[PDB]
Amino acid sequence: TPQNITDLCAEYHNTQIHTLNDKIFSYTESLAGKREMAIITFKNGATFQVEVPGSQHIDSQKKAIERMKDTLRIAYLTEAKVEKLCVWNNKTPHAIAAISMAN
């Protein structure tokens, strides 16, 4: 069980930590078919997706995907500092696996 986002990120292939230390600049969400996704940007231009859920996801996985989009929305609206994102960087835009907030 990892104790921090970096270690967690390290357990997957084709991941990377972005250290933003900045609030979210823009928040985009879509309910359109095959594109039920969220997209966030930062003032420096970095863009990240929360990928659409699939049939391959069990309920508790689907609740994590939804939770993440919830977290992103509420972080945006409270202007919470995003410390780090763990992303998958073999996708475009980079696909969020995890988030950390601090300060």
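Residue numbers run from 1 along the displayed sequence. Between two forms, the rigid core is the largest collection of C-alphas that superpose within 1.5 Å.
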message: Out of 44-52 and 59-67, which one drifts farther from the shown form in 8 other deposited structures of this protein in terms of CA positions, with the fit done on the rigid core?
response: 59-67
Stretch exceeding the other in mean C-alpha B-factor - 47-55, 64-72: 47-55
- prompt: Which third of the chain holds residue 32 when residues are ordered by C-alpha B factor: lowest, middle or highest?
  reply: highest
message: How does the C-alpha B factor of residue 24 compare with the rest of the chain: lowest, middle or highest third?
response: middle
- line: Tertile call for residue 4 (CA temperature factor, within chain, third-based) is the lowest
